[PDB]
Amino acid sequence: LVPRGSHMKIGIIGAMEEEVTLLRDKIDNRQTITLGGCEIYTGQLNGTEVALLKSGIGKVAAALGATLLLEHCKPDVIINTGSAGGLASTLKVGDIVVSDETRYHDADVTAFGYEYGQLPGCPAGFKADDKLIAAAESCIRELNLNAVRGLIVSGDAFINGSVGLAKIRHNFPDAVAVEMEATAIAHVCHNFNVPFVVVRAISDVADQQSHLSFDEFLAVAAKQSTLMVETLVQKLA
C-alpha cells in the first residue's frame, strides 16, 4: 500500500459537511485549501498524515473532488466515508458497511450490450482493495461493531422506497447498501491506480420513510463512520 522508506498519506472523502466535521475537528496542524467549490483539510490524525475532502453531493461533485485530491495531495489510499442507505436484510441504523465492490445502479447502455450498470470504457463494477478491506474488518472485530461486507451501489438519487428501490433490488439483488458518491470515487481511483475502499454507516433503509430516518440518524451514522475511519487510519499507518 505504501512504498518502502516513506509514510503513508491517507485520503478521506466525505460528501456532506455533517459527514466530515468530526474528523475535521480531530486533525492536528490543520490547513485548508478551498478549490473548485470543494474543501480539503490536511494535517495529522493521531500522528498519520491525512487529506480530508468535503466533496459535496452526487457523482460529479465526488469525481471532481477525488480528482482534485489526487492531483493536489497525492494520497497513497482513499477511504470514502459517510452515511448509506442500508439495503441488506439485517442492517440497522449505525451498522457499518464495507465495500468489496462498487457499481452504478443508474447507468444504462444496455442498448449496445453493455451489462446493466456498466459504462463503456469501464469494468462492470470496481473491486475495492483487498488489503484495505482486510484492515477494515479487523477494525470492526476489535471495535465489536455490527457490519456487512458487499456490493455498494451509487447513483444520483436518494432512494425512498417505491419504484426507485424496487429497480435496484431487481438489478442488484445482492447490493448491501446504496449511496451517491462511492462508485464515482472508485471510478476516478481506478483510472489512477489508487487503492480505494468504502467504509460508511447506515442512516436509513432506503424505504418510504428513508427521508425521516436520515433526518433523525445522519448524526449516528456520522459518529459510527468516524470511529471506524479513525481506527482504520491508525491500523493502516
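Think of the rigid core as the biggest set of C-alphas that the two forms share within 1.5 Å after superposition. Residue positions are given as counts along the sequence shown, with the first one as 1.
Q: To spell it out: superpose each other structure in 4 other deposited structures of this protein onto this one by the rigid core, compute Cα RMS over structures and residues for 161-169 and for 120-128. Which is larger?
A: Greater root mean square C-alpha distance in 4 other deposited structures of this protein: 161-169.
Q: Consider 27-35 and 203-211 separately and indicate which one has Cα atoms farther, on average, from the shown form in 4 other deposited structures of this protein after rigid core alignment.
A: More C-alpha displacement in 4 other deposited structures of this protein shows up in 203-211.
Q: Could you settle it for me: does 45-53 or 30-38 have the higher average Cα B factor in the PDB entry?
A: Looking at the recorded C-alpha B-factors, 30-38 comes out higher on average.
Q: Of the two stretches 3-11 and 226-234, which shows the higher Cα B-factor on average in the entry?
A: Averaged over C-alpha atoms, the B-factors run higher in 3-11.
Q: Per the PDB entry, which option out of 156, 95, 115, 137 has the greatest Cα B factor?
A: That would be 137, according to the entry.
Q: When the CA B-factors of 183, 203, 67, 193 are compared as recorded in the entry, which is the largest?
A: 193 has the highest C-alpha B-factor of those listed.
Q: Using the B-factors in the PDB entry, rank residue 149's C-alpha atom against the chain and give the third, lowest, middle or highest.
A: According to the entry, residue 149 has a C-alpha B-factor in the chain's middle third.
Q: Grab the CA temperature factor for residue 111 from the record and place it in the lowest, middle or highest third of its chain.
A: Residue 111: CA B-factor falls in the lowest third of its chain.
Q: Looking at the temperature factor on the CA atom of residue 74, which third of the chain's modelled residues does it land in?
A: For residue 74, the deposited C-alpha B-factor lands in the highest third.
Q: Split into thirds by Cα B-factor across the chain's modelled residues, where does residue 162 land: lowest, middle or highest?
A: Its C-alpha B-factor belongs to the highest third of this chain's values.
Q: Based on the deposited C-alpha B factors for this chain, I'd like to know if residue 90 is in the lowest, middle or highest third.
A: Tercile = highest for this residue's CA B-factor.
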